[PDB]
Ligand SMILES: *C(=O)[C@@H](NC(=O)/C(=N\OC(C)(C)C(=O)O)c1csc(N)n1)[C@H](C)NS(=O)(=O)O
């Protein structure tokens, strides 16, 4: 079966809706499956918030070391790093690292608040040429992932294009691009998602997201040992609010689309 037939069969077995966009930077070719359909980003949206702060830091050499006070009232549903710093401070760089590498939701919220609200994250995406991304809410409500709800959504293709621009392309000046890549490569939350579908020795940077409706997402930049990078978005969502998340589906999709590379 072709790659498209394999992805359709994966979706058919999955009990949900699968969205895939792979960009092969060797030749700019693409593998697309529901890639123009909206999906709730869940915590994959954190890449855009962190990158928006990195953009600001290009013109403010003190920004990344700016102190942010962490209070008990800032804690939400999932904040393994920020809870260690209640009554102290974290820098904006430390908040970017925590948001991306541990998916700390308090850290995401501090990034959003620093920027001036969810709409400012949307404006940053637009400044990169991404007409599709929208951030509407803070964490954790941005992960409700209700079917057909446009809030906090993008498409697989839009996010793959923007992730390519952010990590390998024109979106950020070099020091800031490099910092984003360092953060993504050090992610701790993605072992069982895209990474599990790839050769163990390939270098990967990624950001996961999991929400209601069993919504299970991962966005990655992948560096093969002997080939140009691949940028891969795998989004997955299910019809029932309390569906289990399915990182195995993302690993399976990654294996299908990276075969031969
Ligand atoms: C982002 O996707 C974010 N997700 C959530 O905060 C929600 N659940 O996350 C945890 C890890 C708690 C889970 O048990 O799935 C969630 C479900 S419903 C809702 N309104 N929020 C997490 C923290 N990011 S991820 O990268 O770890 O998935």
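Observations on the structure shown:
- For the stretch 140-162, a tally of residues being more than 15 Å from the ligand (Cβ to nearest atom) and surrounded by 18 or more Cβ atoms within 10 Å (Cβ to Cβ) returns 7.
- Test: residue in the stretch 122-139 that is in a helix (DSSP H, G or I), buried (at least 24 other Cβ atoms within 10 Å of the Cβ) and within 15 Å of the ligand (Cβ to nearest atom): no
- Meeting the requirement of 3 or more residues that are within 19 Å of residue 108 (Cα to Cα), the strands (runs of 3 or more DSSP E) wholly within the stretch 161-250 are 203-210, 216-223.
- Set 206, 218, 212: member being within 12 Å of the ligand (Cβ to nearest atom), touching a residue at least 24 places away in the same chain (Cβ under 8 Å), surrounded by 24 or more Cβ atoms within 10 Å (Cβ to Cβ) and under 18 Å from residue 41 (Cα atoms): 218
- If the condition is being more than 9 Å from the ligand (Cβ to nearest atom) and either buried (at least 22 other Cβ atoms within 10 Å of the Cβ) or over 15 Å from the mean Cα position of the chain (by Cα) (or both), then the stretch 178-191 contributes 178, 179, 180, 183, 184.
- Number of the exception - residue 36 against (1) farther than 21 Å from residue 145 by Cβ; (2) more than 15 Å from the ligand (Cβ to nearest atom): (1)
- Qualifying residue in the stretch 40-57 (condition: part of a strand (DSSP E or B), within 14 Å of the chain's Cα centre (by Cα), within 15 Å of the ligand (Cβ to nearest atom) and closer than 27 Å to residue 220 by Cβ): yes
- Which listed residue, of 152, 218, is at positive phi and touching a helix residue (DSSP H, G or I) at 6+ places or on another chain (Cβ under 6 Å): 152
- Residue that is nearest to the ligand (Cβ to nearest atom), among those in the stretch 102-119 that are surrounded by 18 or more Cβ atoms within 10 Å (Cβ to Cβ) and more than 19 Å from residue 67 (Cα to Cα): 103
- Qualifying residue in the stretch 3-19 (condition: assigned to a loop (DSSP other than H, G, I, E, B) and more than 16 Å from the ligand (Cβ to nearest atom)): yes
- Test: residue in the stretch 224-237 that is free of Cβ contacts under 8 Å to residues at least 60 places away in the same chain, more than 16 Å from the ligand (Cβ to nearest atom) and within 30 Å of residue 12 (Cα to Cα): yes
- Conditions (1) assigned to a helix (DSSP H, G or I); (2) closer than 19 Å to residue 183 by Cα; number of the one not met by residue 64: (1)
Here the Cβ is made from the backbone with ideal geometry for all residues, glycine too, and neighbour counts use every protein chain on show. Values in this text are rule-based calculations from the coordinates and carry no lab data.
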